[PDB]
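*Asks:* Structure incoming, see below.
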Amino acid sequence: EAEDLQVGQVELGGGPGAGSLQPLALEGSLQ
(Lines give C-alpha, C1' and ligand atoms only; values in the text may rest on other atoms or scores of the structure.)
Protein backbone atom coordinates (compact mmCIF):
# COMPACT_ATOMS: atom_id res chain seq x y z
CA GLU A 1 0.00 0.00 0.00
CA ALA A 2 0.93 3.69 -0.17
CA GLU A 3 -0.67 4.64 3.08
CA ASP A 4 2.28 3.16 4.75
CA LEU A 5 4.19 5.27 2.44
CA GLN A 6 3.27 8.42 4.29
CA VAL A 7 0.69 7.61 6.98
CA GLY A 8 0.51 11.40 7.35
CA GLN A 9 3.19 11.54 10.04
CA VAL A 10 6.53 10.91 8.33
CA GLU A 11 6.45 12.51 4.88
CA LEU A 12 2.80 13.07 4.02
CA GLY A 13 3.69 16.13 2.02
CA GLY A 14 0.27 17.76 2.02
CA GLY A 15 -2.09 19.94 4.02
CA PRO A 16 -5.89 19.43 4.06
CA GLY A 17 -6.13 15.90 2.90
CA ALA A 18 -2.83 15.18 4.55
CA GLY A 19 -2.25 14.76 8.22
CA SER A 20 -5.05 16.94 9.56
CA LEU A 21 -4.57 20.60 10.52
CA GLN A 22 -1.05 22.04 10.80
CA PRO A 23 -1.38 22.89 14.53
CA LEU A 24 -3.33 19.78 14.84
CA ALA A 25 -0.63 17.93 12.91
CA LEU A 26 1.98 17.75 15.68
CA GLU A 27 4.32 18.60 12.81
CA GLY A 28 4.40 20.95 9.84
CA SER A 29 8.07 21.76 10.38
CA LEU A 30 7.07 22.98 13.86
CA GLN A 31 4.62 25.32 12.35
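Here's how to read the names in the C-alpha coordinates: chain A, B, ... by the order shown, residue numbers from 1 in each chain, ligand numbers from 1 in the order shown.
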For residue 2 in chain A, please output as JSON, numbers by chain all residues within 12 Å (counting only C-alpha atoms; exclusion window: fewer than 3 positions along the same chain).
*Replies:* {"A": [5, 6, 7, 8, 11, 12]}
